[PDB]
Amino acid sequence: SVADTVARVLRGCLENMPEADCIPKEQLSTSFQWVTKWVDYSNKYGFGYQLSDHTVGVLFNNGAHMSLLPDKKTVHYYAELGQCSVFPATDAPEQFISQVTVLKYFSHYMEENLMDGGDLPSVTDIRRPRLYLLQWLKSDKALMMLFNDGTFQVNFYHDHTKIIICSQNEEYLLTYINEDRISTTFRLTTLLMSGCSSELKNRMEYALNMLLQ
């Protein structure tokens, strides 16, 4: 249903926007939560990412999810079945220890082998009930990540281009991160009217197809 909403929106814009050469000229200055780095170790432990605020998250293979907050000290854990536990990392209870030291592993792999996926400015304050990954999908072309608040992100392998759909002031936004990791953020309402370049449009289409899976 979170997914239904994002699809409904993105199909809407895709089926209704015009033909264009260039991307839209009207562009915004803002920040919001998005995935700056990620790491797939799903063959063994699960899938990890880092967010814009420097929270580290991991979706484990068994369904559970852990986040390390930007203080590097505080953990938020959801079980498979939804149950939320919050405790500090170093004083973890027995049955979470293996997973915490894995969370930590992911944090340090990302910190010292990977670079930020984009030049969006770090969100200083993320205040809402905080994000966790609902769902991820990899095809041979791209990685798709969907968060509990509807934030939608797809990263293309070939050229490190990315698309991000989020909602900010009760409004839908799409940002394109290009080959140079420069970000441009539009109003969806704006893309609807003015359309965009075929390169962006094709990536939007590819993204939608990932969502309909």
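All residue numbers are counted from 1 along the displayed sequence.
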{"item": "Residue stretch of maximal mean CA temperature factor, 165-173 vs 48-56", "value": "165-173"}
{"item": "Between 184-192 and 30-38 (mean CA B-factor, as deposited), the higher", "value": "184-192"}
{"item": "Out of 81, 110, 142, 134, highest CA B-factor residue", "value": "81"}
{"item": "Where the record places residue 127 (Cα B-factor, split into thirds across the chain)", "value": "lowest"}
{"item": "Residue 75 - Cα temperature factor, lowest/middle/highest third of chain", "value": "lowest"}
{"item": "B-factor third for the C-alpha atom of residue 160 within its chain", "value": "middle"}
{"item": "Within-chain third of residue 211 by Cα B-factor, per the entry", "value": "middle"}
{"item": "Third of the chain, ranked by Cα B-factor, where residue 62 sits", "value": "middle"}
